Amino acid sequence: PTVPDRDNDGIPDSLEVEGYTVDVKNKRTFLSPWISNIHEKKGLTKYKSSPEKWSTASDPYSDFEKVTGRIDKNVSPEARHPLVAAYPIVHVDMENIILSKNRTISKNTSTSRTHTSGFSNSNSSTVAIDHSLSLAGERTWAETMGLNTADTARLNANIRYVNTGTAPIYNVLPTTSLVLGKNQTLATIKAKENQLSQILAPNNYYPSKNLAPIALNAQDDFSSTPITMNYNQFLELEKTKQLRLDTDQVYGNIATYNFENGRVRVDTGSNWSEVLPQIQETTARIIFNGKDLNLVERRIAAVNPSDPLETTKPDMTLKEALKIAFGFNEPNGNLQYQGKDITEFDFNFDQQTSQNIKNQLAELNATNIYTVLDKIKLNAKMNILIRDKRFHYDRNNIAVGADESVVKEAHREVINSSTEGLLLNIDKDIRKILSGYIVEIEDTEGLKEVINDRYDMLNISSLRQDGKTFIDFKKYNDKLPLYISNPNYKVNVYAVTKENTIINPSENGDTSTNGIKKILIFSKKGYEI
Amino acid sequence: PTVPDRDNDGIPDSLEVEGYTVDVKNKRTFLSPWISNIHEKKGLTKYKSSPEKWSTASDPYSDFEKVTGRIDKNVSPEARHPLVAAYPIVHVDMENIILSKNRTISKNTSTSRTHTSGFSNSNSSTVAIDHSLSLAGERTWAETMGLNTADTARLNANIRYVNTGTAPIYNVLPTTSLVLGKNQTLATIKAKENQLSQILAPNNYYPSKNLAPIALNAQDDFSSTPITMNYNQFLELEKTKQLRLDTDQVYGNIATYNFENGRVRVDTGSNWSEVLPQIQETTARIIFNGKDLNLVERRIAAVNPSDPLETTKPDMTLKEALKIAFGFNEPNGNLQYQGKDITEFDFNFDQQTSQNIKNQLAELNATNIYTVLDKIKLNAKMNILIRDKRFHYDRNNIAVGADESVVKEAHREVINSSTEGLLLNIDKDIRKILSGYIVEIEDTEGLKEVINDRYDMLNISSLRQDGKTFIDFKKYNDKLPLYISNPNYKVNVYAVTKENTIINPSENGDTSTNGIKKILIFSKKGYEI
Amino acid sequence: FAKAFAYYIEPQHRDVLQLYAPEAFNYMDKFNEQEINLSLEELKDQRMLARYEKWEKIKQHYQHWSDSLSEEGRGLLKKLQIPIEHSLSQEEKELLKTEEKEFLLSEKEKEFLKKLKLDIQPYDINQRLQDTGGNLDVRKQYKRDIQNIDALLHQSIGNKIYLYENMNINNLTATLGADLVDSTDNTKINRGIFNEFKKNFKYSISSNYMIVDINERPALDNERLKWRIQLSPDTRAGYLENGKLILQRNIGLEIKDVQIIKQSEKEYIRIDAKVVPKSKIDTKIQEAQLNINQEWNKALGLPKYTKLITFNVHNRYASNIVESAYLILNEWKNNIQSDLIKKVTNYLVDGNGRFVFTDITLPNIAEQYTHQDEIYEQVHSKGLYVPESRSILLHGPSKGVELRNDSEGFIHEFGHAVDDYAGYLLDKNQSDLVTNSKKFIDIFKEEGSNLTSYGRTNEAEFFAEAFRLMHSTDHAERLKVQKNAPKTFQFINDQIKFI
């Protein structure tokens, strides 16, 4: 009188194939078969799983443990569903650098998680250094640091680690190598030993935001100036202002759940560098930038016709994936992410998937995938990139621009205006595609006076502690308020999108903002202030 | 015919959900279902727990062992209740420093465990350096130490460890790094190896108060002066006079109870650095400064709607939580802490918590939380700060001041007064937010003579061995008794609160107490002395 | 209903069912366990061919012994099935010059009717065996006929055959039978009284020879009870030519369930019973008797070992009476002065009295006749305090002609016993109630007849009745005696004071 349980995973067969859900009564949890009408009012999710896989995902967590919660309580909520691999995704975030020669340029930097194209399962990022001149007198880096053709500069940066995955790493910390340009490997960050004794929970930093970021140079005797850098490299760096941070997957050990007493102990037998390949070859990979215009990656288990055992997994339709991987729902049967309908997004596919994907729309005789969306079967190894269609993108699929019309529409709310600047309250996302502003005044007869007439003097817009952006004129002015020769003279304000910015002096070293493509954003007369 | 026991924790399920209690008969201990009439007279606590958790709290001690006493007899009483995680909380207390250059400025220090706001699960403290001039002639440290622009000072401090948590650490001791300013990390204190074979019980010091504190500098040959420090830091230090002590979470192993022979053996398999993350994600954190105006941290297990297994734990109402965590009782049905009513306390909430709690107050149709206290459900991950409503506070949530009016009543009890000083008896707690006293004399015609008219001369009050505060006039006088130009001349006494104190000479190096906000305390004619 | 059935069958879904509807799971559990065979038997009873075939088959078994049956046997069964309903010539005719009145003074002439009532009773067996629980000349006939009829049926019943029998509710409890049918709708029965009937109805006993029908047939108007019985292979029963059976005496039956069903637009009452050995249930009876005694022996200081209580009930309604003793006893204490209980019990523990609860006629129950001076002097009723035997008799089967419930019936008998105890304290060697005779007779002249007609009978009944009203649980009854007999109240208050 024992229900057949082939996979030996606690859950009985029939439940696994057809659908079940756990529900708690009084205070005891028992596993129950899905009742369509009586479970829905309670807001429980309808599960599916493999009767022949101790872990449908193939991750180190059993089908049963996941839904009941006997599991490292740190795994993010969205990864509790049996069809979402729970694993870590660590990339490196570099906060700021400083330079000198083996008169020190100490500049703050900004980094973004990257993804490029024939794209492979390996994490990499790319830092971009700000070009605006914080100091007036620092024209020509070559001279601010007494760098000569036969000199060598020393680099001193700060980095922090970011966990954007869904599972914790415990002991080890990843090795990571810096490389400039196509092939110039500047340095490989040593793997400090037995020192990352802290935890990387999803959406957390190491070390946390409350502590100093890890100083890169050891300050010991390992190398006198580990970050040497020949002249030619410095030249390359000055023209490009872009670096990349490649990291491998040598993560730590795994945290397993022990039934006997509920203690979570790190087992020394199971190691992440052997499990990831399995997940990585038997799941469909979806990268999504819906949340905050940052690349969030999830992996879903899809069937592969060619392999017997694999047909055991429940068929997975795309629409549910989006429902279960990110949080989309159907208040009125219309797919949306906090209001924004599904139709505002692009679909791009790698060359392999495309032939396969063209087929499925043919046996359905449809041309708009957005309608018949709920009838597309997912296969193993597809890679899908879903990004908002409204913004322009660069080669590395980073948000870099947008159509001006949306941009203008984004600016129609002037909370306050004076002769010292604007205090706007704009949606946090736009301010990730704006490098700075050029202010100019227009004589009633067509003249044009650009205040900050230097390539590196546009970053004049700060943000107040109430989320109000504040534009200061006296910043790249002469510490003087704004004068107006005529209450009839027009005051023009332009915005410059990232894609259209200049990072270095031109052929003849032009520094004026003349030949810069500028979008008009504001124009109020002298008396309209 | 066996009573069910899913959690395998000795106590049966039904017993765990509905209510039980431990009792002693002749001399044997037995478990009983809560009987309303026979247990209250015995002063027994009504326990509840999770039928599905080997340790409802999730800490390394089972539900059964806690109430039964089979547990490290060192766990503090308040942590014996099944719903309060017993775990360690280590912070560093630095007792006094001395300085010189690689004629030694030796000052006593005072430290307070700190907490600021987006506050995270990471321990940090704050030391405050004494400003009073022990030597008359020791004006300007920059000269008391022959410090030159191209010199270097050596730092050698004394420290002791403080355990304010609820469970013992056994073998290891945490590494901790010194940092000046925002990012100037002066030093990281090494983790001495195989030397902390002693124990750190709650509310104890290491090494105990009866022994010399651990000398910071090694005194060996490892580094001649590991803590070097260029000139500019000293300047920074002179302007700020504040340091920071960040501590990590690397504790030792855990002490477990062995059933076979009742021996408590240190298991080399279980390690605290794996449990805290579990605890930190499933508990509500409560900070209370009631006892002695010091930051006490406790953790309570609260429900998280999103997790089935977690819903198993008994619902926790705020009112009861405070009852079991700190010692509040119900003498007359009014919540109080040894007399002080709950209404004299503040409630502060994190923005996250605010949303949940503001909702919670809406479905109850109440505006004063102090009334509906027994109707607030606690959810997981809330952070609550209960502070005395009577005092002023600074940015790092340290007690720093109070309304002056309250201050006066604290002095209305003159036990004795003479021409050599005052012998007061003030509540031990007030005297940590008072920096000093301003004494002044008033001519019969309205003049004003301030005796210690220097910023660094206000430490004129002592405490006698009978807990009587004693003010000494001859200290910062001319080693002369107190003279009075008129038995009709009024003697004025002012008090100076910490927040309003000056720590460095002013713009024009003013040392007079002119621009200091001073509160009048004790005034008496010449014959009333 | 259908949905519940489905959920019950599926093993994996079985647990879910029990979780959300516990009582419902219990309901379906009892149906599939032992309540599905009953569905099949009842369905076959509508098909004429089936019932006829079943009847024919059973006959074709017992036929051989029917030919063997002797004439004497048939003669006994005849007078058994049908009750049989110039000898004085002396002074009785001169003096003479409801059913017993039609068929057929406060002096020595009413005694001749008591004797004649015993001599004029029909010669019957089934009521006598049930009435007695198992003139002298007739007794010899009874003994021989009962012995002869007993030594007839050697054929044990030894698949399960179900039989039907219609019985008058007045045979179990005539007090409830008067209001069982809704006053405003004679086709419906009030559930409120019904749940009470089922309350303590767990098992029943048949002491006589049941005459039952093989196939269900329409019942008489006053018969709404359709007994069905699960026979035992060892039970001996005797078939008749008119499609009836005579069951062995001293049969035990366990009641598993009692519910209301509908048939031909009218409601009726179904009692499901199973044949079991009577000895097996009697063993259960002694344990129940011990439990009530042990509990009450420690109650009023009584010695633990003394029984003071014997369950002598033997009837079709025995088990509700048994469980009702706890209710009656609990009420008796909660309703009487604690100090009165202690006093009366000391007067009983000192002797060898008993509280006899029975469902047989008083002169044949246990000792009543042993304290009677003449056979014709026998008295049968719910009960009366007997000084000679110092025993309290409570006839469960009967319905008090005056009291509204059992509590009132007991308290009414409690008065006679109280008078005897008072007499013991006062005149040790003289009539316990000789002091109350001239004391109450005078009180009975001025206003004795004013009260209930039961108390008007004599001083003893009046005293016993007055005590009950003065100690009733309904303050209204107690108040009544105050404003209707202010004089009587003071002296009545004074005898109970006597400790």
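What follows draws every value from the coordinates through simple rules; no lab data is involved. Because the Cβ atoms are built from the backbone with ideal geometry, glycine has one as well, and the counts that use them run over all protein chains shown.
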Size of the range B:238-332 as Cα extents on the principal axes (Å, biggest first): 59, 44, 34
Beta carbon of chain B nearest to the axis of the rotation taking B to A, residue and angstrom distance: B:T268, 14
Computed Kirkwood radius, in angstrom, where 1/r is averaged over Cα pairs of the protein assembly as shown: 44.2 Å
Alpha-carbon Rg/Rh ratio, for the range A:1-151, with Rh computed the Kirkwood way: 1.31
Hits among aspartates and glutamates - C-alpha to C-alpha of A:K408 under 16 Å, sequence gap 8 or more where chains match: A:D427, A:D429
Residue order, fewest to most beta carbons within 10 Å, for C:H395, C:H86: C:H86, C:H395
Label geometry 7 Å along the beta-carbon vector: A:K182 inter-copy distances in nm: 4.1
Prolate/oblate/rounded call for the range C:304-347, Cα gyration tensor, a/c under 1.5 rounded: oblate
For chain A, alpha-carbon Rg over 2.2 N^0.38 Å: 1.16
Extreme residue, positive dipole direction of the protein assembly as shown, given options C:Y8, A:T175, B:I441 (C-beta unit charges): B:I441
Cα gyration tensor of the range A:57-127 - equivalent ellipsoid semi-axes, whole Å, descending: 40, 16, 9
Principal axis box of the range A:377-485, alpha-carbon based, largest edge first, Å: 67, 32, 24
Nearest-first distances (nm) between copies at A:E18, label 7 Å from Cα via Cβ: 3.4
P(r) of chain C over all Cα-Cα pairs, binned every 10 Å from zero, in whole percent: 3, 15, 23, 24, 19, 11, 5, 1, 0
For A:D456, B:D478, C:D213, order by how many other beta-carbon atoms lie within 10 Å, fewest first: B:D478, C:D213, A:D456
Ranked list, fewest to most other Cβ atoms within 10 Å of each Cβ, for C:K78, A:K291: C:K78, A:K291
Computed log₁₀ I(q)/I(0) - Debye formula, equal Cα scatterers, no solvent, the range C:1-57, q 0.14 Å⁻¹: -0.52
Cα-based reach from B:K66 at 16 Å (exclusive), listing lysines while leaving out same-chain residues under 8 positions away: B:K46, B:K48, B:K53
Farthest toward positive dipole pole in the protein assembly as shown [+1 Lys/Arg, -1 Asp/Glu at C-beta], among A:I460, B:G515, C:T435: B:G515
Coarse-grained scattering of the range A:109-209 at q = 0.22, 0.25 Å⁻¹, given as base-10 log I(q)/I(0) from a Debye sum over alpha-carbon atoms: -1.40, -1.58
Compactness index (Cα Rg / 2.2 N^0.38 Å), the range B:152-267: 1.32
Leading residue at positive end of dipole, the protein assembly as shown (Cβ point charges), from B:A301, A:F30, B:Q338: B:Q338
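Return the Rg/Rh value of the range B:488-529, two decimal places, where both radii are evaluated on C-alpha atoms and Rh is the Kirkwood radius.
Using only Cα positions, Rg/Rh for the range B:488-529 is 1.12.
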Using a 7 Å Cα-to-Cβ projection, A:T240 label spacings across copies, nm, ascending: 3.7
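Based on the Cα coordinates of the range C:114-218, what is the per residue volume of their convex hull in Å³?
Measuring per residue, one finds 190 Å³ for the Cα hull of the range C:114-218.
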About the Cα centre, charge dipole magnitude for the range A:454-529 (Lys/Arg +1, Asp/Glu -1 at Cβ), debye: 300 debye
Whole-number percent relative contact order across the range A:399-529, with pairs defined as alpha carbons under 8 Å at least 6 apart: 28 percent
Set of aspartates and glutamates with alpha-carbon distance to C:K97 below 14 Å, sequence-local pairs under 8 removed: C:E109
Of A:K209/A:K432; A:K319/C:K3; B:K490/B:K517, pairs whose Cα-Cα distance is over 26 Å: A:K319/C:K3
Within the protein assembly as shown: Cβ-based charge dipole about Cα centre, in debye rounded to nearest 20 (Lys, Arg +1; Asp, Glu -1): 1500 debye
Whole-number percent relative contact order across the range B:293-433, with pairs defined as alpha carbons under 8 Å at least 6 apart: 22 percent
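Rounded to whole Å and sorted largest first, what semi-axes of the equivalent ellipsoid does the C-alpha gyration tensor of the range A:306-387 yield via the square root of 5 times each eigenvalue?
23, 16, 13
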Computed helical MRE - 222 nm, the protein assembly as shown, DSSP H runs ≥ 4 contributing -39500 (n - 2.57), nearest 500: -7000 deg cm²/dmol
The range B:389-529, dipole about Cα centre (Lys/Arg Cβ +1, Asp/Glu Cβ -1), debye to the nearest 20: 480 debye
